[PDB]
């Protein structure tokens, strides 16, 4: 066929019931994730081609960057609870990977403050049980597909994107191929 198991995607041996439609995993320590966000705008180009009535979910993972990696998973829960994902994503990536000015939870917090989230609102969120279970959701979703690598995208808890098998001579062509693949899997 034109789309084949094991080529633009792989199938989960052990499917995950009730999973979000389009589920994406990343880490602010993950270099391809930086590319995916900053250079390729993957999430965004996927959305533009997805049917709608379709929700997109994006979660942070713990297995990179040790103690800071976890701080970052909790910060992303904060960002989700407050709905400020689109104001912190870029400065978090660049603070971890470009400028290397993020070294502690306090530095993560500074990014939110500079993006205009209020100190008190951030600290309340950070410490809230609504952020605790949000952290729990992220870990559970990662657990459910036994995740050892990012970036990763899963469709309907059944199919996992396989970017290794898409041409990378042209970045635009890669993105379209990637997004079209998600759409195809979405309709499967």
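Residue numbers count along the first chain shown, from 1.
**Student:** Averaging C-alpha B-factors over each stretch, which comes out higher, 176-184 or 11-19?
**Tutor:** The recorded data point to 11-19.
**Student:** Quick check: 112-120 versus 72-80, which has the larger average CA B-factor in the record?
**Tutor:** According to the entry, 112-120 carries the higher average C-alpha B-factor.
**Student:** Please work out which residue in 50, 142, 135, 33 has the highest C-alpha B-factor recorded for this crystal structure.
**Tutor:** Highest C-alpha B-factor among the listed residues goes to 50.
**Student:** Taking the C-alpha B-factors as the PDB entry records them, is residue 147 in the lowest, middle or highest third of its chain?
**Tutor:** As the PDB entry reports it, the C-alpha B-factor of residue 147 lands in the highest third of its chain.
**Student:** Is residue 131 in the lowest, middle or highest third of its chain when residues are ranked by C-alpha B-factor?
**Tutor:** Tercile = middle for this residue's CA B-factor.
**Student:** Select lowest, middle or highest to describe the third in which the CA B-factor of residue 41 falls within its chain in this entry.
**Tutor:** As the PDB entry reports it, the C-alpha B-factor of residue 41 lands in the middle third of its chain.
**Student:** Please say which third, lowest, middle or highest, residue 64 falls into when its CA temperature factor is compared across its chain.
**Tutor:** Bottom third by C-alpha B-factor.
**Student:** Lowest, middle or highest third: where is residue 156 by Cα B-factor in its chain?
**Tutor:** Highest third, going by the recorded CA B-factors of the chain.
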